Amino acid sequence: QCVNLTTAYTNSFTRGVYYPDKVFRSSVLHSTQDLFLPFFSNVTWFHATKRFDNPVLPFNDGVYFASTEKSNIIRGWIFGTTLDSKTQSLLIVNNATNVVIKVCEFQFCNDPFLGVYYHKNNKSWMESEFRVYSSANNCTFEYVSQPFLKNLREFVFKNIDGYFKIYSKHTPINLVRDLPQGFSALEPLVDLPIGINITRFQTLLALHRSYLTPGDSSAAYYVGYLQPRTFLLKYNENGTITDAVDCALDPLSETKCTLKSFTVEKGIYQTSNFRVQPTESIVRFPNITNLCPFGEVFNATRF
Amino acid sequence: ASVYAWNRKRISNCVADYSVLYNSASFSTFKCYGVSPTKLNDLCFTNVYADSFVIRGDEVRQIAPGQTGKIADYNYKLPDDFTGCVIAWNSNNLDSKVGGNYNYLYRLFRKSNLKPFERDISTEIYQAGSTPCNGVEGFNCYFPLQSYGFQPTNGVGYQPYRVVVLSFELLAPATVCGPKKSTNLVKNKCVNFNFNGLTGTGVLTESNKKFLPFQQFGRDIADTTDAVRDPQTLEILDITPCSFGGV
Amino acid sequence: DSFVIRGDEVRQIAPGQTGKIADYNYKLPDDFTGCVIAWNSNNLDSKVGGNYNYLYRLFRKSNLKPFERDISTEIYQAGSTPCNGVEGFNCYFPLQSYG
Amino acid sequence: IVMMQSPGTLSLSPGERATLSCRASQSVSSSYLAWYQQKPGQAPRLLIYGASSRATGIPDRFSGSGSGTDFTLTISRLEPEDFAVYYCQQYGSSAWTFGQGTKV
Amino acid sequence: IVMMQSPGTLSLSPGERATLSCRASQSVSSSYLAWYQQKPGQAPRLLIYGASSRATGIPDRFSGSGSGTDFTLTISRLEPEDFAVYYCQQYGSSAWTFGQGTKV
Amino acid sequence: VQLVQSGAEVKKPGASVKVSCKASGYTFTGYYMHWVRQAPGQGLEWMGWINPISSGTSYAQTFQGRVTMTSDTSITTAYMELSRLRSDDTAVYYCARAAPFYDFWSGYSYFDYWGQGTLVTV
Amino acid sequence: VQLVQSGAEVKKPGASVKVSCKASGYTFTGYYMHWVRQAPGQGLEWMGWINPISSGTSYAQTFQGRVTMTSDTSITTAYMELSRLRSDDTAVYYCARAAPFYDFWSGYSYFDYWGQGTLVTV
Ligand SMILES: *[C@@H]1O[C@H](CO[C@@H]2O[C@@H](C)[C@@H](O)[C@@H](O)[C@@H]2O)[C@@H](O[C@@H]2O[C@H](CO)[C@@H](O[C@@H]3O[C@H](CO)[C@@H](O)[C@H](O)[C@@H]3O)[C@H](O)[C@H]2NC(C)=O)[C@H](O)[C@H]1NC(C)=O
Ligand SMILES: *[C@@H]1O[C@H](CO)[C@@H](O)[C@H](O)[C@H]1NC(C)=O
Ligand SMILES: *[C@@H]1O[C@H](CO)[C@@H](O)[C@H](O)[C@H]1NC(C)=O
Ligand SMILES: *[C@@H]1O[C@H](CO)[C@@H](O)[C@H](O)[C@H]1NC(C)=O
Ligand SMILES: *[C@@H]1O[C@H](CO)[C@@H](O)[C@H](O)[C@H]1NC(C)=O
Ligand SMILES: *[C@@H]1O[C@H](CO)[C@@H](O)[C@H](O)[C@H]1NC(C)=O
Ligand SMILES: *[C@@H]1O[C@H](CO)[C@@H](O)[C@H](O)[C@H]1NC(C)=O
Ligand SMILES: *[C@@H]1O[C@H](CO)[C@@H](O)[C@H](O)[C@H]1NC(C)=O
């Protein structure tokens with residue numbers, strides 16, 4: 001069954017950076033080109049009388065996802081295209097004991113969710129039923145591993161060369177409204193051999209039973225998008241990325257990348273080139289309409 | 001599968017003996033690109049894809065890098081930097097019947113060429129002229145697919161061939177290795193080595209580098225391997241060159 | 001150097017080629033200097049019922065070196081178990097006829 | 001379109017030459033004009049296509065020519081087997097049209 | 001190895017379906033299991049090989065399936081020419097073994 | 001190339017007739033199968049065609065709404081079903097082969113092979 | 001593919017019989033030639049095979065020491081000679097074709113072609 005539930009920006013700062021590969025480096029500044037969340041970009045802030053808005057978002061070239069909660073409301077995500085039984089979709093769900101990742105032709109609900117209730121005797125929250133999809137078939141992939149969903153959880157989702165790559169970080173915070181400032185790189189979580197087309201995704205939330213009453217009365221996260229950017233990453237003595245420069249952020253960051261350093265000395269540096277780009281395409285061919293007699297060659301009676 | 005709708009099989013986390021296939025007498029074509037067929041068992045890959053389909057004899061040459069034609073352009077395209085092996089054999093005794101086997105289709109018309117490993121299985125009417133077809137075939141409006149109609153009496157060029165293309169991916173830990181027997185790990189000596197496909201010469205010592213759980217090897221400022229994770233013990237080893245210098 | 005092969009294999013008599021003939025029978029070097037001349041001999045080397053006097057090597061432990069001539073008939077081991085000169089499962093007679 | 005053949009009936013001795021005409025109410029591409037022969041009790045067979053090209057198996061005694069709205073079929077020497085009904089056929093506007101046929 | 005077919009005798013009307021079973025004393029690769037048909041006064045002919053694959057010239061009325069120690073031959077519709085003796089055959093240990101055969 | 005049609009049929013007005021045409025000697029799906037009618041004492045009339053590869057059809061406005069063409073590639077056979085038969089549908093029906101519309105040299109503009117006529121009386 | 005065997009033979013106990021099998025329609029040396037026996041009222045029993053390219057053989061333990069298989073590629077003919085014939089060797093003998101052991105798709109695991117049975121009475 002399905003339930004019909006449908007009835008702001010923050011600063012990304014210097015977060016959303018992940019280890020670009022699986023190579024150990026130390027005490028070195030490494031320049032890499034990959035899909036990263038641009039520094040100081042506009043990250044959309046979602047908040048799912050009753051009001052419910054947990055929309056399907058574009059995947060674009062990859063997604064930066066973050067949440068700040070101690071209630072374990074965010075349980076998973078749906079990644080796909082039409083998000084119905086017509087095409088294959090990737091379903092990632094966390095629960096009490098493990099993470100289940102499946103690829104099937106899922107017939108997803110418009111407002112997919114996991115039910116949770118407060119057990120009056122145990123005095124704790126417990127799982128009830130899934131209301132994510134009405135049916136699933138033609139399953140091609142299944143994977144099960146360890147669980148990972150003032151507590152900031154960050155994820156990066158990429159879909160490159162058949163691999164659905166997930167990076168993650170778990171950091172304690174003292175913020176309520178905005179994401180924290182400072183630098184912390186996300187580590188590879190899993191490389192999934194999924195091999196599917198993804199253009200849209202949706203967040204799976206655990207909804208309290210009390211919200212499912214028939215009356216009109218009785219879950220925040222951040223989404224950014226990755227871009228093809230050049231980053232200068234600083235690896236410390238233990239091979240941890242502790243800082244980074246977005247080479248396209250501003251003229252100083254560009255200088256820092258050019259000089260392969262996080263510091264710049266007094267002076268004037270040649271860092272880039274300027275060029276005006278064309279806005280139109282002008283085609284001027286001879287104004288003739290007669291066609292070339294090629295057919296007369298191909299359909300000749302005799303060769 | 002039909003070539004217009006070729007079937008891709010993903011192979012991983014296994015031992016790949018390619019000598020069984022290469023030394024077989026049962027294949028008519030076995031052409032490798034980017035790799036020698038006799039060195040395959042010494043290599044490790046991060047993934048192998050086995051793409052299977054049926055085409056007619058004359059079209060077997062189109063299953064290669066740098067080719068053009070109805071198959072190369074509209075059905076199954078291989079990249080110019082393809083690494084892998086194209087294996088084919090005559091299947092006239094399997095895929096042909098009296099009266100013609102019309103279960104094998106190929107794409108005859110398309111708006112543009114396919115990208116490498118693109119799989120187009122649409123059946124939308126192809127517009128050859130300037131006038132919209134509106135889903136109706138007729139003059140200047142063609143049904144994009146056609147059958148081979150394989151018959152047991154056809155000449156070789158028109159007999160069915162079963163083609164399997166093994167693409168070798170080299171990203172990522174290698175998961176598909178040849179059937180090579182491992183040796184004991186030796187440290188504090190000048191040795192040749194091969195760590196999950198990573199070859200070289202040098203001295204292996206215990207590393208004090210803080211490798212993360214996902215990292216398989218490291219590199220110095222020269223961007224060359226200077227440390228590896230042993231694929232069996234998960235021990236981190238530093239690699240230095242064997243003593244050398246001018247004389 | 002003279003020999004008989006089947007039509008489709010004529011392309012294998014060249015530099016940079018692979019196949020049963022190029023690898024196990026007659027190998028030409030990548031720096032080969034010379035000419036490869038061939039003609040149809042269907043009216044000489046064929047007979048009704050099949051001409052089985054023309055053999056080629058189908059199996060070998062390794063590829064030939066340029067201008068190497070291997071005329072042994074030792075049983076080829078395809079498996080891990082020694083053949084001990086006896087053909088059978090995973091033990092093949094290395095030659096075959098064109099017929 | 002209307003494809004009109006003439007004469008409705010043609011009669012002459014074996015060994016002689018016969019000319020069969022087909023006229024169109026509108027111009028017809030030479031590539032779209034064909035001639036058929038139908039013997040008594042038999043299905044039609046193709047003789048000429050593309051105005052002038054002989055079909056496989058057709059004797060060189062048969063030839064065709066023409067353009068625009070005027071096409072002909074020529075039988076240089078008539079044999080006993082040529083005394084049949086001939087049709088002209090046109091393609092256009094995604095349709096196939098036959099003339100009324102003439103009997104030799 | 002022992003290849004045992006059942007029932008020893010099978011009897012039913014033409015137009016109906018017959019199931020023939022073959023059991024092995026030990027597991028047999030599906031690739032090594034074949035079925036034969038032998039008509040009175042005639043040599044055996046191959047029907048099914050590789051457990052399920054039809055031999056050339058064999059009607060699609062015949063099919064096979066199975067694995068391990070249990071294989072079957074199915075005749076979806078029996079024709080007068082199907083009322084013959086069927087055998088199952090196994091390969092292994094460099095030897096070829098036939099079942100005792102069953103008569104339809 | 002051979003085209004073999006079904007035998008003659010006799011039907012009452014209002015009835016439907018299905019005439020088959022089995023093809024051999026060529027790639028069945030490589031050609032369009034056309035149907036042409038010839039009433040007694042009359043000339044040849046094109047009815048329509050079917051493209052076996054997709055079972056796509058086109059009909060003359062004369063027969064459109066009465067005739068349905070189908071095919072089965074597994075037996076390389078084409079069918080023409082003419083419903084609501086009238087007395088003026090008494091005719092010899094032919095199947096004929098022509099190239100598809102994508103033929104460069106306009107082989108679709110004519111019919112190169114014909115089956116034996118099948119007489120249907122109404 | 002055709003396999004043609006010699007005619008029927010009648011032998012006394014202790015005698016030897018040689019049954020030929022002439023093959024045609026295929027590359028003779030490309031296949032193994034197997035022999036299979038069928039005693040009256042009994043099923044099929046595999047005897048052994050010969051590989052014409054090398055004249056290599058293998059026999060069932062039942063016949064090993066009594067049966068010798070030979071061949072002559074110049075006339076694409078295989079022979080099976082069974083010595084020390086006993087009364088229980090009365091049977092119909094067949095020659096049958098199977099792929100060589102190097103066949104990738106296990107064509108050696110079965111016999112795809114059979115000759116006409118040759119009756120030998122002892
Ligand atoms: C031999 O080929 C010529 C050239 O035609 C060209 O090549 C053919 C193989 C096909 O691919 C054609 O589509 C291509 O144009 C034929 O002459 C040309 O025929 C076409 C089609 O009949 C003519 O187009 C028409 O022109 C009239 C106006 O007169 C329009 O009303 C129609 O709608 C349509 O556009 C084209 O004008 C004509 N060109 C010339 C120079 O004659 C030629 O008929 C053909 N011969 C044979 C035996 O096939
Ligand atoms: C996006 O970020 C810029 C700062 O670079 C800010 O000025 C702008 O108002 C933000 N847009 C929205 C809708 O908040
Ligand atoms: C993914 O699916 C969408 C349809 O929702 C389609 O428009 C898009 O082109 C597809 N992308 C790829 C790579 O197939
Ligand atoms: C979590 O998912 C696993 C799937 O393997 C299931 O067995 C387990 O019972 C689930 N636990 C809860 C609390 O849903
Ligand atoms: C309730 O609490 C008890 C422990 O006192 C536990 O064993 C039981 O499983 C809990 N009930 C549920 C549904 O988890
Ligand atoms: C897989 O998809 C095909 C095509 O829709 C369908 O026919 C088949 O039944 C599906 N598989 C399963 C197990 O339902
Ligand atoms: C590097 O690792 C060492 C050893 O665990 C630790 O003492 C040191 O503080 C770490 N330095 C940094 C910057 O993490
Ligand atoms: C096999 O490799 C794993 C590492 O993935 C190791 O933990 C295990 O002990 C090894 N087992 C043997 C027998 O070597």
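Counting starts at 1 for both ligands and their atoms, in listed order. Keep in mind that the numbers below use all heavy atoms, side chains included, and drop hydrogens, waters and symmetry copies. So that the names make sense, note that chain A is the first sequence line, chain B the second, and so on, each numbered from 1.
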Review point. Minimum heavy-atom separation for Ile53(F) to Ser147(B), with atom names?
Key: CD1-OG, 3.1 Å
Check your understanding: Which of the numbered atoms in ligand 1 are below 4.0 angstrom from a heavy atom of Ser31(D)?
Key -> 47 (C), 49 (O)
Review point. Counting both backbone and side chain atoms, is some N or O of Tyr32(D) under 3.5 Å from an N or O of ligand 1?
Key: no
Exercise for review: For atom 33 (O) of ligand 1, state whether the nearest protein heavy atom is under 4.0 Å away.
Suggested key: no
Point to revise | Is_contact(atom 26 (O) of ligand 1), protein non-hydrogen, under 4.0 Å | key: no
Check your understanding: Have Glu137(B) and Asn51(F) got a donor and an acceptor in their side chains that come within less than 3.5 Å?
Key -> yes
Exercise for review: Take every heavy atom of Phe104(F), measure it against each atom of ligand 1, and state whether any distance is under 4.0 Å.
Suggested key: yes
Check your understanding: Taking only residues two or more places apart in sequence, or in another chain, which ones meet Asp58(B) in a salt bridge (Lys or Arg N to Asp or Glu O under 4.0 Å)?
Key -> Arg56(B)
Practice item. Return a yes/no value: protein heavy atom under 4.0 Å from atom 49 (O) of ligand 1? Key: yes
Practice item. Please could you name the atoms of ligand 1 that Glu296(A) approaches to less than 4.0 Å, counting only its heavy atoms? Key: 4 (C), 41 (C)
Review point. Parallel, tilted or perpendicular for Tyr118(A) and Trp125(A), by the 30°/60° rule?
Key: perpendicular
Review point. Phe111(F) vs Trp114(F) aromatic rings, parallel, tilted or perpendicular, using cut-offs 30° and 60°?
Key: perpendicular
Review point. Which atoms of ligand 5 are found less than 4.0 Å from any heavy atom of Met126(A)?
Key: 12 (C), 13 (C), 14 (O)
Check your understanding: Protein residues near ligand 8, heavy-atom distance below 4.0 Å?
Key -> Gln232(B)
Review point. Who pairs with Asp21(A) by salt bridge (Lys or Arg N to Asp or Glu O under 4.0 Å), at least two apart in sequence or on another chain?
Key: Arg25(A)
Revision key, fill the gap. Contacts of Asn13(B) meeting side chain to side chain donor-acceptor pair (under 3.5 Å) (sequence neighbours excluded), chain-then-number -> none
Check your understanding: atom 10 (C) of ligand 1: protein heavy atom closer than 4.0 Å?
Key -> no
Review point. Which heavy atom of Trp96(D) sits nearest a heavy atom of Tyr110(F), and at what distance?
Key: NE1-N, 4.2 Å
Review point. Between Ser106(F) and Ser109(F), which heavy-atom pair has the shortest distance, and what is it?
Key: O-OG, 2.8 Å
Point to revise | Donor-acceptor pair between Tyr32(D) and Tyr49(D) side chains, under 3.5 angstrom | key: no
Exercise for review: Determine the interplanar angle of the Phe101(F) and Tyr91(D) rings, folded into 0 to 90°, and report it as parallel if under 30°, tilted if 30 to 60°, perpendicular if over 60°.
Suggested key: tilted
Check your understanding: Any idea which protein heavy atom is nearest atom 16 (C) of ligand 1, and the distance to it?
Key -> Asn299(A) ND2, 4.3 Å
Review point. Between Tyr4(B) and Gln146(B), is any side-chain donor less than 3.5 angstrom from a side-chain acceptor?
Key: no
Review point. Does the protein put a heavy atom under 4.0 Å from atom 18 (C) of ligand 1?
Key: no
**Study point:** Protein heavy atom under 4.0 Å of atom 14 (C) of ligand 1
**Key:** no
Exercise for review: Output the list of atoms in ligand 5 that are nearer than 4.0 Å to some heavy atom of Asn122(A), sorted by atom number.
Suggested key: 1 (C), 2 (O), 3 (C), 8 (C), 10 (C), 11 (N), 12 (C)
Practice item. For atom 1 (C) of ligand 1, decide whether some protein heavy-atom distance is shorter than 4.0 Å. Key: yes
Check your understanding: Closest non-hydrogen protein atom to atom 6 (C) of ligand 1, residue and atom name please, with distance?
Key -> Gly295(A) CA, 4.1 Å
**Study point:** Atoms in ligand 1 with a heavy atom of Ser29(D) nearer than 4.0 Å
**Key:** 22 (O)
Check your understanding: Once you round to the nearest 0.5 Å, how far does CD of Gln37(D) lie from CG of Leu73(D)?
Key -> 9.0 Å
